[PDB]
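Visitor: Residue 6 is where the sequence shown starts when you use the deposited numbering, and the numbers rise one by one after that. Backbone N, C-alpha and C fix where the C-beta goes; we use that ideal spot for every residue, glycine too.
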Amino acid sequence: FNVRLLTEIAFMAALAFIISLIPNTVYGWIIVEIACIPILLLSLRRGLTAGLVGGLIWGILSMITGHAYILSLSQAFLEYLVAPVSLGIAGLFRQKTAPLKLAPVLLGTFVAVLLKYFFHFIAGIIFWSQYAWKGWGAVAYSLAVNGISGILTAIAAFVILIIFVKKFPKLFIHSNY
Ligand SMILES: CCCCCCCCCO[C@@H]1O[C@H](CO)[C@@H](O)[C@H](O)[C@H]1O
Ligand SMILES: Cc1ncc(Cc2csc(CCO)c2C)c(N)n1
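#1: Would residue 95 pass as a contact of residue 85 if the rule is Cβ separation under 7 Å?
#2: Using 6 Å as the cut-off, classify the Cβ of residue 74 as near or not near the heavy atoms of ligand 2, replying yes or no.
#3: Please name the residue or residues paired with residue 35 in a DSSP beta bridge.
#4: Take every Cβ of the stretch 60-73, pair it with every Cβ of the stretch 11-25, and state whether three or more of those distances are shorter than 8 Å.
#5: For ligand 1, is there a heavy atom less than 6 Å away from the beta-carbon of residue 31?
#6: Could you tell me the distance, in whole angstroms, from the CA atom of residue 119 to the CA atom of residue 155?
#7: Go ahead and label residue 144 buried or exposed: buried means 16 or more other beta carbons lie within 10 angstroms of its beta carbon, across all protein chains shown.
#8: Thinking C-alpha only, which one of 67, 113, 89 is nearest residue 98?
#9: Ignore the nearest five residues each way along the sequence and tell me which others in residue 87's own chain have a CB closer than 7 Å to its CB.
#10: For residue 9, name the three-state secondary structure that DSSP assigns.
#11: If you draw a straight line from the C-alpha of residue 128 to the C-alpha of residue 83, how long is it?
#12: How about residue 78 and residue 117: do their beta carbons lie closer than 7 Å?
#13: CB residue 165 to CB residue 42, shorter than 7 Å?
#14: Which runs of the beta strand (DSSP E), 3 residues or longer, sit entirely within the stretch 53-141?
Here you go:
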């Protein structure tokens, strides 16, 4: 692995972290998580592993800096290591060769945001039900909150990755030289 590779990885995690510090709350725990974007861009450009690891580092930064909501060991583990690591799955949709095509950017962005918010949804059932709206069971409450957060994060990720796909396509295609 290159010095170049590590550089990219570190930088994009620093970038997710810096972005996670922007107010992204729509209502209660419904968020638009734009900070996923640099990890997704990272996974698409350099593949799974690079992505899993950049997610890991983002999670660690959130926790060690105090910008993470932690209820217990296992909830911190599920939502600030597994969940951000899981965006690396987008790396399976990497395009090694030109021309760049939009479909795999969107299918990869979709599956990975979905995967991340699936973990939150599971987290939401186990650790967060004390906050459920009146009349709601926990599973329903977590689906609404994490389903909607999932969808809005994907929309944001799409808007942005689409402009990047249209204006700066070689971003998604690693190349030496
Ligand atoms: C899909 C995101 C989920 C967020 C759901 C909470 C609504 C956001 C705040 O707007 C609310 O919307 C209502 C309907 O228009 C208004 O009547 C009300 O005054 C207003 O406060
Ligand atoms: C119902 C409910 N409320 C809160 C959470 C916690 C959460 C959702 S997204 C995210 C990371 C973005 O900062 C966390 C910590 C959850 N999984 N379910």
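Guide: From the atom records:
#1: As a working mapping, residue 95 is identified with position 90 in the sequence shown. As a working mapping, residue 85 is identified with position 80 in the sequence shown. It is not a contact, given that the beta carbons lie outside the stated cut-off.
#2: Taking the sequence shown and counting its residues from 1, one reaches residue 74 at position 69. True, at least one ligand heavy atom lies under 6 Å from that Cβ.
#3: On the sequence shown, residue 35 is found 30 positions in, with the first residue counted as 1. Here residue 35 is bridged, per DSSP, to 32.
#4: The stretch 60-73, when compared against the stretch 11-25, does touch it at the 8 Å Cβ threshold.
#5: The sequence position of residue 31 within the sequence shown is 26, counting from 1. Yes.
#6: Here residue 119 refers to the residue found at position 114 when the sequence shown is read from its first residue. Here residue 155 refers to the residue found at position 150 when the sequence shown is read from its first residue. Residue 119 and residue 155 have their C-alpha atoms roughly 6 Å apart.
#7: Translated into the one-based positions of the sequence shown, residue 144 becomes position 139. Exposed, by the Cβ-count rule.
#8: By one-based count along the sequence shown, residue 98 stands at place 93. For the options 67, 113, 89, the alpha carbon positioned closest to that of residue 98 is the one of 113.
#9: Translated into the one-based positions of the sequence shown, residue 87 becomes position 82. For residue 87, same chain residues with a beta-carbon under 7 Å away, outside a window of 5 residues either side, are 124 in chain order.
#10: If you number the sequence shown from 1, residue 9 lands on position 4. Here residue 9 carries a helix assignment [DSSP, helix/strand/coil].
#11: Looking up residue 128 in the sequence shown gives position 123. Looking up residue 83 in the sequence shown gives position 78. So the two alpha carbons sit approximately 7 Å from each other.
#12: For the purposes of this step, residue 78 is taken as the residue at position 73 of the sequence shown. For the purposes of this step, residue 117 is taken as the residue at position 112 of the sequence shown. Taking 7 Å as the cut-off, the Cβ atoms of residue 78 and residue 117 do not count as close.
#13: Residue mapping note: residue 165 aligns to position 160 of the sequence shown, counting from 1. Residue mapping note: residue 42 aligns to position 37 of the sequence shown, counting from 1. Using a Cβ distance threshold of 7 Å, residue 165 and residue 42 count as a contacting pair.
#14: The qualifying runs do not exist here; there are none.
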